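# Residue-level structural notes
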Amino acid sequence: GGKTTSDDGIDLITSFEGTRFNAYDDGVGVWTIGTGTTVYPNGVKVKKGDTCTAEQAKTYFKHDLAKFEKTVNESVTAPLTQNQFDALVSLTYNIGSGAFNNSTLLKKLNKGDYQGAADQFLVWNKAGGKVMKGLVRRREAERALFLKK
């Protein structure tokens, strides 16, 4: 939109998401495949037993990535570094657009309060309503990227 996710950003998100050939349970029962895909671009939901090629996974990932880029570009009104944009997209890829849009993160960010926004990454550590240690790690990493310059 304004910005797009950098190659480094994509590599980070991919490291968090993984790239899987077989549909798998994300931990809370949501069948996921490729690089974090749960809904194919045609609207079909991922199901247990699906398989996905590398090329398919890339297509699906890039399709969803563009959605989240659009959210960050449109919803954030404060200036962003590329690192900040990348971090916010990584977060949004996980929490979704609605969660991002209604977050205290975004409220602080749009006041120009970068530090307060950075710290708000850390609240997004839940899956299935439960704190998940992989998300705790991920949020810390996204926050670090957000603060990196």
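Preceding block: the structure.
A few points on the structure.

### Points about the pairing of strand 2 (residues 31-34)
In regular strands, side chains alternate between the two faces of the sheet. Pairing of strand 1 (residues 20-25) with strand 2 involves 3 bridges; the strand directions are antiparallel. Looking across to strand 2, one finds that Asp25 is bridged to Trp31. A loop of 5 residues connects strand 1 with strand 2, the two strands running antiparallel in sequence, and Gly27 in this loop sits at a positive phi of about 115°.

### Considerations on helix 3 (residues 82-95)
The first and last C-alpha atoms of helix 3 sit 20 Å apart over 14 residues, in line with the 20 Å expected at 1.5 Å per residue. Summarising burial for helix 3: 11 of the 14 residues are buried, a large majority. Those residues of helix 3 lying buried are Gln84, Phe85, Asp86, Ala87, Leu88, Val89, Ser90, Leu91, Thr92, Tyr93 and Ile95. Here the buried face of helix 3 lies against helix 1 (7-17), helix 2 (54-75), helix 4 (97-101), helix 5 (104-109), helix 6 (114-120) and helix 7 (133-146). A positive backbone phi angle near 90° is found at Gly96, which sits one or two residues after helix 3.

Rules and cut-offs
- Residues numbered from 1 in each chain as written, not as in the entry; some residues may be left out.
- Heavy atoms only, no water.
- Residues with missing side-chain atoms left out of burial classes, pairs and counts.
- Pairing = 2+ DSSP bridges.
- Helix = DSSP H or I, 4+ residues; strand = E, 2+ residues; numbered from the N terminus.
- Expected span 1.5 Å × (residues − 1).
- Buried < 20%, exposed > 50% of the residue type's maximum accessible area, 1.4 Å probe, protein only.
- Contact = heavy atoms within 4.5 Å.

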